[PDB]
Structures are given as C-alpha cells and as structure tokens.
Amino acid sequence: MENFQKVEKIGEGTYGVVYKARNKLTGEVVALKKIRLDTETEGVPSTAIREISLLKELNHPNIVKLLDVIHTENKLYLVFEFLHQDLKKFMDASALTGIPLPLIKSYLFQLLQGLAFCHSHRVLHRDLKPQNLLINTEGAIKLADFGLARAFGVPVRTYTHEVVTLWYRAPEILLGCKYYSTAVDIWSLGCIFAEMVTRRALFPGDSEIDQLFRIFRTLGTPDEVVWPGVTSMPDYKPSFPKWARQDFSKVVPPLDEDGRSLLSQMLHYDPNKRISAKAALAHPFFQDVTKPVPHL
C-alpha cells in the first residue's frame, strides 16, 4: 500500500468502500476497493472470495480488469482499472438531453459482449444495474462489482434466493422459482436497455408484489399459454389482477422497430425462451453498430 496515493473517496458497497488512487511510481490511476476483515471474527468475506476468484477467470475488454490484491492482514484492498464514471451518474447527467441512440446501441452491444463471456465461463453476475456499470471517455462499457456473482453448474442447483437489486429482478425470482440460470442477467439488461432509452427506470417497485404488478401492468399478466408452469410456482396467486400487454411504442417511445423486438425478446416471461446473450448479439438491432464517445 506504500505505492498508492489515495486521491478521493468515490462511493460505497457494504463490506467495501471505493477510492480513486494512483501509483506513485508508474503514475497509473486505479480504483481501490477496501473491505474490512477486522482480523478476528469471520475472516475473508465470501463476496470477496467470490469476486476475486471469478474475476481471475474473467479477463475480457467489457469487464473490469482486476490488477492486484493486497492482503494487509485486516484490511483487504482490490486494485481495479479506473474507469471514469458509472452508468447511473451518466444517466443522471443526460436524462434531460437524452442519451443518443448510437451510444445506446453501442453500450448494449458491449454488455451483451461481456455478459456472454461470463455465461460461457459459468458465471452469473446477479446484480446488474447502472451503478455497477462503468464507462470510459473513449466509448467503452464494462460490467463491474462481482461480489454477488456465482459460478453455476449444468444443469443448475438452487442458488441464493435473495437475489438481484429489485427493480431489476426477474419475475422467476419474484415468483420464487427453485431454479434460475443465465436468464436473470438478461432480464436486468432489458431493464437496463429500457432505462437508457426513456431515462425513467422501467420498473420502480417499492415491495416485491409492487415490483410484480409493475411488470404485470406493462407486459400483461402471464398465463399457461405464454409461460408453461407459472400457475404452479410457489408465489403465484390466481388472484393476480389480469392486465393486458402494453404496446412498446408506448413503453419505449424513442425506440425503432428492430430495438423493441430485441428488448421484447429480452423481456420474455419464459426463462427458457428468453434470448441468451449470444443470440442477442446476432440480432438485426446490430446491423451497423459504431463506437461513439460520450459527448459528456
């Protein structure tokens, strides 16, 4: 820790606290993530064990690069590349100007890039949301914060129920399914893709049932036709109001036809029909995709 000049605190977590730093020798600006170990009780937190070990195996342009771990007995720091700001702060900068469509198309292509890498290396992220998404001045976007991620198996075997932020949590977790795979990161990305377009959050519920009804009002309440099996999921209740599906030009007004189609396949109720990241890549939406800078 001698080589680092901490420059400013940039935020939070729960086990951990984030900083901007520089090497006093190479000049490199990094991000330092501090976690407290308190050196007596529990040892190394498992979010950290998870994060570090998964990240080691996920080097890809669209995913924060882990640079270093420093294991000072009772604090643990992680050294990441420093990207310039997260997607939420960006969204707040521009929610009045709009985010240009070319940039959106580009950020999404790149999240589909790095997310498909994960899913091919049996990692689920499980906490996509713009505060976890980082952007750099040259046009790049990278998935970050892997504390809540986990290596999965084929087929899956019942991971943590208590999972994904809320506004981003797929109906199958909301409804208390026993299994859930790579579709949960997709749902989140849909919400993401939508939130960039309209600049409001797609589904801002305040409880789990609120969350559900907001999904239902927007995408129509699901049945055995559109999602075989719903009627018998643990948290399903036949007393759910029956709403109809809105029209997406109404839900995401600024979005062209190829887009709404993809967002739509991203938001399919059936996790088995929900488009994977790899197929999402070869979608018409992506005929001619560029790499714009953020003009802010």
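Numbers for residues come from their place in the sequence shown, where the first is 1. What we label the rigid core is the largest C-alpha set whose atoms superpose within 1.5 Å from one form to the other.
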| item | value |
| --- | --- |
| Stretch departing more from the displayed form, 100-108 or 81-89, Cα RMS in 8 other deposited structures of this protein (core fit) | 81-89 |
| Between stretches 236-244 and 51-59, more displaced by Cα RMS in 8 other deposited structures of this protein (rigid core superposition) | 51-59 |
| Residue gap status of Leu67, at least a third of other entries | no |
| Residue gap status of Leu37, at least a third of other entries | yes |
| 116-124 or 83-91, whichever carries the higher mean Cα B-factor | 83-91 |
| 272-280 set against 5-13, stretch whose average Cα temperature factor tops the other in the entry | 5-13 |
| Highest-ranked of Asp185, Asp145, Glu224, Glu195 once sorted by CA temperature factor in the record | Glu224 |
| Criterion, highest CA B-factor; candidates, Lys105, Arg214, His71, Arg150 | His71 |
| Chain third (lowest, middle, highest) by recorded CA B-factor, residue given as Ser249 | highest |
| Entry-reported Cα temperature factor of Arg169, expressed as the chain third it lands in | lowest |
| Lowest, middle or highest third - CA B-factor, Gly190 | lowest |
| Modelled-residue ranking by C-alpha temperature factor, third containing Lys65 | lowest |
| Third of chain Cα B-factors occupied by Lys75 | highest |
